[PDB]
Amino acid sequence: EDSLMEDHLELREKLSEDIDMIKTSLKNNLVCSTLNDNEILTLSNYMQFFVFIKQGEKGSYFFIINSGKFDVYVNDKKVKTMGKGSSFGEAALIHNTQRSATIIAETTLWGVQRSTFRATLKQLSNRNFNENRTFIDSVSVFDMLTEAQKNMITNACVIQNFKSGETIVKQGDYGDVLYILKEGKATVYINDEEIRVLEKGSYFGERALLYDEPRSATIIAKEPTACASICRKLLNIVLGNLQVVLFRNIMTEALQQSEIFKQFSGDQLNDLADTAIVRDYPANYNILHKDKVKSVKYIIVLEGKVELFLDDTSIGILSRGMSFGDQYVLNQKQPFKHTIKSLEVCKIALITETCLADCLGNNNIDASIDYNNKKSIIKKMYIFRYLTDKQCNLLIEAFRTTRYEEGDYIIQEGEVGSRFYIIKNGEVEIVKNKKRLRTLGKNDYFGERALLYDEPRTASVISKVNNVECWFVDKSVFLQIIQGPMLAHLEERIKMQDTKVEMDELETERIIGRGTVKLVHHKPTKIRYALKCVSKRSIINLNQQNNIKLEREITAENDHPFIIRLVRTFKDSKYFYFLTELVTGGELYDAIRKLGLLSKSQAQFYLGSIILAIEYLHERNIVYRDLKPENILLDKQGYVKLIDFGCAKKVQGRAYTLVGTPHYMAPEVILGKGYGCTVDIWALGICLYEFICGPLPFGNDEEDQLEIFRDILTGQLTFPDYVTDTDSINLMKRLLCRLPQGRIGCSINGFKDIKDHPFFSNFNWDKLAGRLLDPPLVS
């Protein structure tokens, strides 16, 4: 294919003229029409020369015609002549393409292969991101940004290049842009006077991100100069407001270092930060003084420095992010004994009694600590995690205390249990058929199966020591709080995932998909499963050895109600096997077939379901990459399951490989300058459009993969005349924002912006995950 093409090569030193004409062709090209004159040049210099071209076979080469004329016979008969300036095999730069059609020559080509093309974009992109990220770490204003936030604003960087003698900023102008010099040298002028010279790693415009004031200097490139630039406009979309995020981060970091506020939820600490009174004080100023302090119980320093005293005795100096008042937060009726005096102009966060009660959900701090440390534990457990907040709150207040002494059988192997236990204090031994399995301690849990099943306990639980306290809830209370569908779900899920299964215990009933997916019965238990069989030989032959390892890893650790649950894997001489739950509600496509165009409530249900599944994967740094209705089943209750984890990757910085279904692939995948979890939120938009409008919004009626990609890249997004709902159109437009930086869901707040969109105003996210909503369709 390409082997033939290499014969035609010749080493031709590109003159000034040639680095011009190649620049034109690529600038007027689907994939290259948004690359800097720096990247177009780097690509331009990688172009091989060819003396002398294609047929109908697999091809990797993109050509820019130099010298002669080239006839393009489309169906084995002349279609059109092409001459100096023209290009062809555009598709080759995207993906391994079945060629457009044969192209003989009449009477020089510039050339490059896909592998070399994608690799150059990759190396350029990674190099540029890593440089910008290191530079952002040298800008002190961004110090209190989280790692995640720093990576987000790195994407916001725009490269700018400046000819010698070209103004970067003018004194008096109202710029909202910060510049970091990547290469070259600028002169700083103030009132037309030469002050100093900026160099590589220099930066200015910090104030321009925070205030709306005029430039204090004119800065002019002395030699050719490249800058990284952040605009306040883009920073605001990505972060919301820089100063607010910095002060919130300072406060939440401090609360996470406190031995009192440590043990509280991430939501509660964000409430405290967001609700805290923030005040400026002058220098050498008494802020808090002994008896004369009222409702203030805790302070965090945001700026400057204060000195803590107890009567006359200096205890220490608090600077940024340091805090005081644990004993006052614990004992809010005890008198304030300490003094706090500013050592300089400072900014302090004050947390009051009212702020503590409003955020920690109780007048009584020790009740709040007790509530949360019970909540933390069950919230990490599958069976409690997806209960509504009402159901959760009922379960937590149902917990009572009991005590045990060294050697006491808390549970006895063989007995019918009714109780779930959490360890308040002490250590217990778990013993199954006389063999110690493990020791459990403070905050560990046991016995949960008694909630779902009337069965013999499988192990004893024996108190290891005296003075052992457990919280307990009886199943009668759990069974009152829970409702039919969720209980059926848990009873079905836990039984089938914990059954020990051997290959000899399985028989096949029918083939489901075709390697092959079989419907299998476990003979001893009569439980049904799906079994995916992948050919060992087929995997070795497609160098997919590393990829199947990574599929098992991802499929294994998935534990979400709206994602397929793996039971275990098998292997023999010929196959790898996946044993999963059997999903029996058919395909999502069966549902939209029967239903037609979805109403707002049916669309809310299916998109919202998918959003919760995708949010779960992103939280564990997985990008799904193949989101489409085809890849979603329904269970017997009408709730969804994501099934196909072939395209899924753990995210190690930036991904670059082209994977997925062309109609659903995000522009940033196609353009090859790198992508992350964002691509799944683009696909979310393609899915919603299908749901409401009916057809796909891009390349709906196109056979040619290339014309699909063009429509995704440049096509006008329109709606049919029967789609008028402002909130539906707005959510779809924002999801199909081509630039991932300004796409909805893709900023600091993540999926919160999608969940809180007006499209979902009447939509109960708790009731969805809790299986309390009526689905669009059942069975």
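One rule holds for the numbers: they count along the sequence shown, beginning at 1.
Undergrad: If the chain runs straight from residue 127 to residue 128, say none; otherwise bin the unmodelled deposited residues as 1 to 3, 4 to 9, or 10 or more.
TA: Missing in between: none.
Undergrad: Can you tell me how many deposited residues have no coordinates between residue 652 and residue 653? The categories are none, 1 to 3, 4 to 9, and 10 or more.
TA: None; the chain is continuous from residue 652 to residue 653.
Undergrad: State which stretch shows the higher mean Cα B factor in the entry: 293 to 301 or 405 to 413.
TA: Stretch with the greater average CA B-factor: 405 to 413.
Undergrad: As stated in the PDB record, which stretch has the larger average Cα B-factor, 532 to 540 or 588 to 596?
TA: Averaged over C-alpha atoms, the B-factors run higher in 532 to 540.
Undergrad: So among 382, 110, 445, 698, who wins on Cα B-factor in the entry?
TA: Of the candidates given, the C-alpha B-factor peaks at 110.
Undergrad: Would you mind checking which of 570, 478, 179, 328 has the top Cα temperature factor in the PDB entry?
TA: Comparing C-alpha B-factors across 570, 478, 179, 328, the top value belongs to 570.
Undergrad: Mind checking which third residue 726 falls in for C-alpha B-factor across the chain?
TA: Middle third.
Undergrad: Split into thirds by Cα B-factor across the chain's modelled residues, where does residue 461 land: lowest, middle or highest?
TA: Middle third of the chain for residue 461's C-alpha B-factor.
Undergrad: By its CA B factor, does residue 24 count among the lowest, middle or highest third of the modelled residues in the chain?
TA: CA B-factor rank for residue 24: highest third.
Undergrad: How does residue 734 rank on Cα B-factor within its chain, lowest, middle or highest third?
TA: As the PDB entry reports it, the C-alpha B-factor of residue 734 lands in the lowest third of its chain.
Undergrad: Should residue 512 be placed in the lowest, middle or highest third of its chain by the C-alpha B factor in the entry?
TA: Answer is highest: the recorded C-alpha B-factor places it there.
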